[PDB]
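Below: the structure, in structure tokens.
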Amino acid sequence: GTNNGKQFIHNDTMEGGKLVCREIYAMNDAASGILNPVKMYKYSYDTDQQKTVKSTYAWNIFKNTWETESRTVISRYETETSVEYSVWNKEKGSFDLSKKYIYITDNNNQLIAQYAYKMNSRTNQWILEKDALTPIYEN
Ligand SMILES: [Cl-]
Ligand SMILES: [Cl-]
Ligand SMILES: [Cl-]
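Position in the sequence shown counted from 1, then plus 31, gives you the numbering used here.
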């Protein structure tokens with residue numbers, strides 16, 4: 032970003048009008064001008080179950096391969112959207128639930144309330160971090 036002085040560019044792959052892959056690059060050499068891969072997002076849609084899965088991969092510079100970094104599951108329930116963010120646990124071979132977000136709108140798509148949670152790894156229960164009504168609904 033602007034504050035850290037690091038520039039990135041992306042390349043999107045579309046399929047049937049939807050984004051299925053987004054690859055992130057950075058320019059790390061001028062003797063070549065080659066854009067180096069940094070991150071890759073893969074999107075898995077399921078219209079019937081109203082669920083989108085975004086899988087994130089990070090470029091492993093030692094192995095020169097992609098490695099599983101995280102997973103975001105977006106579930107739609109009309110006025111309610113639930114987002115679960117999980118981190119890949121390398122030495123477990125599974126995804127650990129980390130953050131959860133809930134967005135509630137009215138029937139006109141105006142946000143009513145937003146909630147954020149962080150997973151307590153000791154108790155396996157979500158900790159509330161944020162809960163706020165928007166000014167129009169604050170009444
Ligand atoms: Cl980007
Ligand atoms: Cl494309
Ligand atoms: Cl939607």
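Ideal placement from N, C-alpha and C gives every residue a C-beta, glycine not left out.
Residue burial classification, residue i (beta-carbon count within 10 angstroms, cutoff 16)
i    : result
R153 : exposed
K49  : exposed
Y108 : exposed
Beta-carbon proximity list for residue i, same chain, < 6 angstroms, skipping 5 on both sides
i    : result
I105 : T83 and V114
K85  : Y72, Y74 and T103
Where the beta strand (DSSP E) containing residue i begins and where it ends
i    : result
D162 : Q156 to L164
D43  : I40 to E46
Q141 : It is not in any beta strand (DSSP E) - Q141 carries neither H nor E in the DSSP assignment.
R153 : Where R153 is concerned, there is no enclosing beta strand (DSSP E), given that its DSSP letter is neither H nor E.
Top-ranked residue by Cα proximity to residue i, from the options
i    : options                  : result
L128 : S117, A89, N138 and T136 : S117
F93  : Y132, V69, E169 and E160 : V69
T110 : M71, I65 and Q81         : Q81
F39  : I55, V51 and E46         : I55
Cα-Cα separation, residue i to residue j
i   : j   : result
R53 : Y74 : 8 angstroms
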